[PDB]
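To begin, one chain is listed below as structure tokens, in the form deposited in one PDB entry.
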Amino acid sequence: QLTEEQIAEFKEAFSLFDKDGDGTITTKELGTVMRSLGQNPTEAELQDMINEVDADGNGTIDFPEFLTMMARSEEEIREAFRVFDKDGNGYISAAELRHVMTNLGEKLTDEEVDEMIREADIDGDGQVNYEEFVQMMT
């Protein structure tokens, strides 16, 4: 299920999306995030993404809506894996993850990053391969 440490972690994850700290994620904020991860959703796509997680229909995502979403195919996971595996070599390194997190406006110690890698890593080689990435999601 769901620990207070995880709720804490999802609460800081939400802050990566909620750029202005006003407590909601707007279509504009989501667009910014998505472009920082190399994507280019239209205005209507961003509204679609918002409206799917927007439980109360108010046009923005609050933390309870975000947390709910987080409580919970081939191509989407592969597509996401390629966002992190910047050099295409099949392995997410700590430095590739560092880079992704810095693009999202998040300066992390080399230790924090290594724990993220460590938690996803299954075989212990210090990197995240595609099969390990698939498992993390599921």
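Note that the rigid core is defined as the largest set of C-alphas that superpose within 1.5 Å between two forms. For every residue, the number given is its place in the sequence shown, counted from 1.
Here the stretch with the larger average CA B-factor, out of 107-115 and 42-50, is 107-115.
Note on 33, 71, 101, 80: the highest value goes to 71, judged by CA B factor as recorded. In the deposited entry, the Cα temperature factor of residue 124 sits in the bottom third of values across the chain's modelled residues. Among all modelled residues in its chain, residue 136 ranks in the highest third by Cα B-factor. In the deposited entry, the Cα temperature factor of residue 97 sits in the middle third of values across the chain's modelled residues. Split the chain's modelled residues into thirds by C-alpha temperature factor. Residue 29 is in the middle one. Among the modelled residues of its chain, residue 7 has a C-alpha B-factor that falls in the lowest third, as given in the PDB entry.
The same protein has a further form, the form deposited in another entry, not shown here; the description that follows concerns it.
With the two forms fitted on their core, the C-alpha shifts between this form and the one not shown stay under 2 Å for all of 67, 80, 53, 34 except 80. After superposition on the rigid core, the Cα of residue 23 moves by less than 2 Å between this form and the one not shown.
In this overlay on the rigid core, residue 12 has a C-alpha that sits less than 2 Å away from its partner position between this form and the one not shown. Once both forms are fitted on their rigid core, the CA atom of residue 43 lies less than 2 Å apart between this form and the one not shown.
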